[PDB]
Structure formats: structure tokens, C-alpha cells
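The structure appears below as C-alpha cells.
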Amino acid sequence: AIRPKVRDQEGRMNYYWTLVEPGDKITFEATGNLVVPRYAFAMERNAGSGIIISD
Amino acid sequence: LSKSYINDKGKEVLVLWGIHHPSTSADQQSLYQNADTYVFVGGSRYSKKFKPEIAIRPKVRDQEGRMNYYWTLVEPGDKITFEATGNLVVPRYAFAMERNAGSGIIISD
């Protein structure tokens, strides 16, 4: 459908994320409209810190 | 159906609309004439596509269908677009408003 233009785009793109545990498989399947991953991120979380928005 | 509104009120506009889910395929066609319908509502920040779900629910206030109610706040200078081939309970009155720092609600006699 046609949405009001934002940055000259009448379409929209939704962004998704998931954390894949070690030894698990993630499967992608599509007949279209898939913005595939190219770079993923191996990481180990800490006990949560926060985010500071400041100059 | 295709109708658009641009907020020229200088403040936020609260827009509400409803989606109707008939009880039977007969009821769908008797109201909207089209069997396979959709509703789309789009703004600079809102975007949702609605698909009517037709089935007989237990009667509540003598209604076997259901109607879902939705709202969004349209920022100044933005456009909200409605598109439908049926099942759209369109806005008629919207509300230009300016929110405060939140108060609360008292339920009392």
C-alpha cells in the first residue's frame, strides 16, 4: 500500500533481530521481500549497563 | 476507498477508527458487497493492514460479529491515509489536543 512519503519512500521496511544460541541453526526462507543478513555479531552479554544520551 | 487528512491544526490530532468483523459471509456481502477485503491505515509513523475475520461469536448485546477500535496521534504537518475495500468504520470527528504532564483517573461516586 502507499504510505505518506518519509525520506521519499512510500514503502516501508520492518527490522527484526534474534539471538542464536551456540550450536543452534537459524533458517531463512523467502519468495521475496527479504532483506537478508550479511554481517552478524558474535557477542557475550554482561550484567546490563545503561545508555547515556549526552553531549 | 481512499481518504487522506493532513494535520494543519498546529497541534496533535487524535484519530480513531474501527474495523468490523462480520459474523457470516452473508453478512459481509450484505454490508460491503466484496468478499475478500482489507483496510490500510498509514501515517508517517503508523502503518497497519487489517484483514476482517469472519465467524460467529457468542452474542454480546445481540451481536455475533465484533468491531475492533483503533487510535493514533497525528503530529502537526503529517498526513494520515485510509484505504479500504470494506469493513472500515471511518472517522468523522477527530480531536486536536495538547497533552500535559500526565495526571490520572479517579473512579469514584
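Residues are named by chain letter and number: chains run A, B, ... in the order of the C-alpha cells, numbers start at 1 in each chain, and ligands are numbered from 1 in the order shown.
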Quick one: which residues from chain B are at most 10 Å off chain A, using only C-alpha atoms, as a ChimeraX atom specification? /B:4,40-49,78-83
Please, could you write that set of residues out with N, CA, C and O atoms as a short mmCIF file (atom, residue, chain, number, x, y, z; two decimals), in the first residue's frame?
```
data_model
loop_
_atom_site.label_atom_id
_atom_site.label_comp_id
_atom_site.auth_asym_id
_atom_site.auth_seq_id
_atom_site.Cartn_x
_atom_site.Cartn_y
_atom_site.Cartn_z
N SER B 4 -7.57 10.91 2.74
CA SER B 4 -6.40 11.40 3.45
C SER B 4 -6.71 12.70 4.17
O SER B 4 -7.54 13.50 3.72
N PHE B 40 -6.34 -0.49 5.11
CA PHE B 40 -5.00 0.01 5.37
C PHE B 40 -5.06 1.43 5.91
O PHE B 40 -5.74 2.29 5.33
N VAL B 41 -4.36 1.67 7.02
CA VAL B 41 -4.20 2.99 7.61
C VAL B 41 -2.71 3.30 7.69
O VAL B 41 -1.94 2.51 8.25
N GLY B 42 -2.31 4.43 7.13
CA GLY B 42 -0.91 4.80 7.07
C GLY B 42 -0.65 6.25 7.43
O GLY B 42 -1.38 7.15 7.02
N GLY B 43 0.41 6.47 8.21
CA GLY B 43 0.90 7.80 8.52
C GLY B 43 2.40 7.84 8.32
O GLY B 43 2.98 6.86 7.86
N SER B 44 3.04 8.96 8.67
CA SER B 44 4.50 8.98 8.62
C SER B 44 5.13 8.02 9.62
O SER B 44 6.29 7.65 9.46
N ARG B 45 4.37 7.60 10.64
CA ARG B 45 4.87 6.71 11.68
C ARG B 45 4.01 5.47 11.87
O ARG B 45 4.52 4.44 12.33
N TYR B 46 2.73 5.53 11.54
CA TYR B 46 1.81 4.41 11.66
C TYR B 46 1.66 3.72 10.31
O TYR B 46 1.64 4.38 9.26
N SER B 47 1.60 2.39 10.33
CA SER B 47 1.35 1.61 9.12
C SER B 47 0.81 0.25 9.55
O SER B 47 1.56 -0.55 10.12
N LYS B 48 -0.46 -0.01 9.29
CA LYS B 48 -1.02 -1.31 9.63
C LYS B 48 -2.06 -1.71 8.60
O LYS B 48 -2.83 -0.87 8.13
N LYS B 49 -2.06 -2.99 8.25
CA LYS B 49 -3.05 -3.55 7.34
C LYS B 49 -3.96 -4.48 8.12
O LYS B 49 -3.48 -5.37 8.84
N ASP B 78 1.69 16.26 9.37
CA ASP B 78 1.70 14.90 8.85
C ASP B 78 0.36 14.55 8.22
O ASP B 78 -0.66 15.20 8.47
N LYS B 79 0.37 13.51 7.39
CA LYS B 79 -0.81 13.00 6.71
C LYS B 79 -1.17 11.62 7.24
O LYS B 79 -0.28 10.80 7.49
N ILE B 80 -2.46 11.37 7.40
CA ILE B 80 -2.97 10.03 7.71
C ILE B 80 -3.86 9.59 6.55
O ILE B 80 -4.75 10.32 6.12
N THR B 81 -3.58 8.40 6.02
CA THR B 81 -4.28 7.86 4.86
C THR B 81 -5.11 6.65 5.27
O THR B 81 -4.61 5.76 5.97
N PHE B 82 -6.36 6.61 4.81
CA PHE B 82 -7.25 5.47 4.96
C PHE B 82 -7.51 4.84 3.60
O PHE B 82 -7.74 5.56 2.62
N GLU B 83 -7.46 3.51 3.53
CA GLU B 83 -7.74 2.77 2.31
C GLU B 83 -8.51 1.51 2.67
O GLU B 83 -8.13 0.80 3.60
#
```
Strand (DSSP E or B) per DSSP on the backbone: members of chain B, as an MDAnalysis selection string: chainID B and resid 2:6 12:21 39:42 47:50 60 63 66:74 79:84 88:89 95:97
Within 12 Å of residue 17 in chain A, counting only C-alpha atoms, which residues show up once you throw out same-chain ones fewer than 6 positions away? Write them as number ranges by chain, please. A: 26, 36-37, 40-41
Could the residues in this selection be written to a file with N, CA, C and O atoms, as a compact mmCIF listing (two decimals), in the first residue's frame?
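Final output, result-v6.txt:
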```
# COMPACT_ATOMS: atom_id res chain seq x y z
N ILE A 26 19.77 -21.14 12.44
CA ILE A 26 18.74 -20.19 12.03
C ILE A 26 18.53 -20.34 10.53
O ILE A 26 19.49 -20.34 9.75
N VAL A 36 18.22 -9.73 3.61
CA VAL A 36 18.96 -10.81 4.27
C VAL A 36 20.06 -10.25 5.16
O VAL A 36 20.51 -9.11 4.95
N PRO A 37 20.49 -10.99 6.17
CA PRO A 37 21.70 -10.61 6.90
C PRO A 37 22.93 -10.79 6.02
O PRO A 37 23.01 -11.72 5.21
N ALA A 40 26.69 -10.66 10.88
CA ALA A 40 26.12 -10.95 12.19
C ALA A 40 27.17 -10.66 13.27
O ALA A 40 28.33 -10.35 12.97
N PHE A 41 26.77 -10.77 14.53
CA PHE A 41 27.61 -10.33 15.64
C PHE A 41 27.68 -11.41 16.71
O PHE A 41 26.69 -11.71 17.38
```
CA of residue 28 in chain B and CA of residue 60 in chain B, how far apart in Å?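 About the pair CA of residue 60 in chain B and CA of residue 28 in chain B: they are 18.6 Å apart.
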Applying 8 Å and only C-alpha atoms, which residues near residue 57 in chain B remain after dropping the ones on its own chain fewer than 2 positions away? List them as a short mmCIF file (atom, residue, chain, number, x, y, z; two decimals) with N, CA and C atoms, in the first residue's frame.
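Everything below was put into part-v3.cif:
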```cif
data_model
loop_
_atom_site.label_atom_id
_atom_site.label_comp_id
_atom_site.auth_asym_id
_atom_site.auth_seq_id
_atom_site.Cartn_x
_atom_site.Cartn_y
_atom_site.Cartn_z
N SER B 23 -20.26 -11.64 11.24
CA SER B 23 -20.46 -13.00 11.72
C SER B 23 -20.50 -14.03 10.59
N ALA B 55 -16.61 -14.99 11.39
CA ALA B 55 -17.02 -16.17 12.15
C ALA B 55 -18.09 -15.73 13.14
N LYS B 59 -23.22 -14.28 21.26
CA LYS B 59 -23.92 -13.00 21.21
C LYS B 59 -23.57 -12.14 22.42
N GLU B 64 -23.37 -11.07 16.96
CA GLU B 64 -22.48 -12.21 16.73
C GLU B 64 -21.20 -11.81 16.02
N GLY B 65 -21.15 -10.62 15.43
CA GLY B 65 -19.92 -10.05 14.95
C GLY B 65 -19.21 -9.24 16.03
N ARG B 66 -18.06 -8.69 15.66
CA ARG B 66 -17.22 -7.92 16.56
C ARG B 66 -16.65 -6.73 15.80
#
```
Which residues are near residue 22 in chain A? Cut-off 12 Å, only C-alpha atoms, ignore same chain within fewer than 4 positions. Put them as a VMD selection string. chain A and resid 26 42 to 44
Based on the selection just made, write N, CA and C atoms of those residues as an mmCIF file, in the first residue's frame.
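Heads up, here's the output in result.cif:
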```
data_model
loop_
_atom_site.group_PDB
_atom_site.id
_atom_site.type_symbol
_atom_site.label_atom_id
_atom_site.label_comp_id
_atom_site.auth_asym_id
_atom_site.auth_seq_id
_atom_site.Cartn_x
_atom_site.Cartn_y
_atom_site.Cartn_z
ATOM 1 N N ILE A 26 19.766 -21.143 12.444
ATOM 2 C CA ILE A 26 18.745 -20.186 12.035
ATOM 3 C C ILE A 26 18.525 -20.343 10.530
ATOM 4 N N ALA A 42 28.867 -11.998 16.872
ATOM 5 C CA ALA A 42 29.125 -12.890 17.995
ATOM 6 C C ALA A 42 29.435 -12.051 19.227
ATOM 7 N N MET A 43 28.717 -12.312 20.313
ATOM 8 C CA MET A 43 28.792 -11.435 21.468
ATOM 9 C C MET A 43 28.513 -12.228 22.733
ATOM 10 N N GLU A 44 28.966 -11.675 23.852
ATOM 11 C CA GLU A 44 28.651 -12.193 25.176
ATOM 12 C C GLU A 44 28.114 -11.039 26.005
#
```
Apply DSSP to the backbone of this structure and, from range 12-45 of chain B, keep only the residues in helix (DSSP H, G or I); write these as a list in words.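 Matching residues for helix (DSSP H, G or I) in range 12-45 of chain B are residues 25, 26, 27, 28, 29, 30, 31 and 32 of chain B.
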I need the chosen residues saved as a tab-separated table (two decimals), in the first residue's frame, with N, CA and C atoms.
```tsv
chain	number	residue	atom	x	y	z
B	25	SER	N	-20.38	-14.88	6.05
B	25	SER	CA	-20.10	-14.40	4.70
B	25	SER	C	-21.31	-13.68	4.11
B	26	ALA	N	-22.52	-14.14	4.43
B	26	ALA	CA	-23.70	-13.39	4.01
B	26	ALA	C	-23.66	-11.97	4.56
B	27	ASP	N	-23.27	-11.82	5.83
B	27	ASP	CA	-23.25	-10.50	6.45
B	27	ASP	C	-22.21	-9.60	5.82
B	28	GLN	N	-21.02	-10.14	5.53
B	28	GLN	CA	-20.00	-9.41	4.78
B	28	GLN	C	-20.57	-8.82	3.48
B	29	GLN	N	-21.22	-9.66	2.65
B	29	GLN	CA	-21.66	-9.18	1.33
B	29	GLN	C	-22.87	-8.27	1.43
B	30	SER	N	-23.74	-8.53	2.39
B	30	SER	CA	-24.88	-7.64	2.59
B	30	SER	C	-24.45	-6.24	3.01
B	31	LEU	N	-23.29	-6.09	3.66
B	31	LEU	CA	-22.83	-4.76	4.03
B	31	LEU	C	-21.84	-4.15	3.05
B	32	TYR	N	-20.90	-4.94	2.51
B	32	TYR	CA	-19.76	-4.39	1.79
B	32	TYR	C	-19.61	-4.90	0.37
```
Just to confirm, what's the straight-line distance from CA of residue 6 in chain B to CA of residue 75 in chain B in Å (one decimal)?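 According to the coordinates, CA of residue 6 in chain B and CA of residue 75 in chain B are separated by 9.4 Å.
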Could you list, as a PyMOL selection string, every residue within 9 Å of residue 36 in chain B, counting only C-alpha atoms and ignoring same-chain residues fewer than 6 positions away? chain B and resi 51-52+85-86
What does the structure give for the distance between CA of residue 37 in chain B and CA of residue 2 in chain B, in Å to one decimal? 13.8 Å
What's the 10 Å shell around residue 35 in chain A, counting only C-alpha atoms, without same-chain residues fewer than 6 positions away, as an MDAnalysis selection string? chainID A and resid 13:15
